[PDB]
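Just below is one structure, and these are the notes that go with it.
A short reminder: the numbers here are calculations on the coordinates, not readings from a lab. Heads up, the Cβs are rebuilt from the backbone with ideal geometry, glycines too, and the neighbour counts pull from every protein chain shown.
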There are 2 protein chains.
Amino acid sequence: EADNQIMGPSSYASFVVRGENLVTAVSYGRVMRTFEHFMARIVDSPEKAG
Amino acid sequence: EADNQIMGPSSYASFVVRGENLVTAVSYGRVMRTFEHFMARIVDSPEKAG
């Protein structure tokens, strides 16, 4: 072997239902991953070619 | 007649798809009326007896 250990994530990443996600969860029942990121890509700077 | 005119509204009470509804407009095609009311209900104090 060239190594005996590898670094990595220690705990599971927490992806939780946030608040605007909770609103669209109750109303229509369809939750996206990153709702604030969709807001930043749509209603803040839509012309920004990401 | 007890009155000759009635004091009524002068313009249409406007409502357009603003920022927070627009994400649900594009991703779902599900726009609600007064998204701010739903966010004030089921996010900030859902314990509030309506």
Return the long-range amide H neighbours of B:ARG30 (sequence gap of 5 or more, or a different chain), with a cut-off of under 5 Å between placed amide H atoms. B:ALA25
Take the eigenvalues of the Cα gyration tensor for chain B, scale each by 5, and report the square roots as semi-axes in whole Å, largest first. 34, 20, 7
For A:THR34, A:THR24, order by how many other beta-carbon atoms lie within 10 Å, fewest first: A:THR34, A:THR24
From fewest to most C-beta neighbours within 10 Å, the residues B:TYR28, B:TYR12 line up as B:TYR12, B:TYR28
The protein assembly as shown: D in µm²/s via Stokes-Einstein (Kirkwood Rh, Cα pairs, 37 °C, 0.692 mPa s)? 186
Sum of -39500 (n - 2.57) over DSSP H runs of 4+, divided by residues of the protein assembly as shown (222 nm, nearest 500): -8000 deg cm²/dmol
Would you please name the GluC sites (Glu not before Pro) within chain A that are DSSP coil residues with at most 10 other C-beta atoms within 10 Å of their C-beta? A:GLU1, A:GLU47
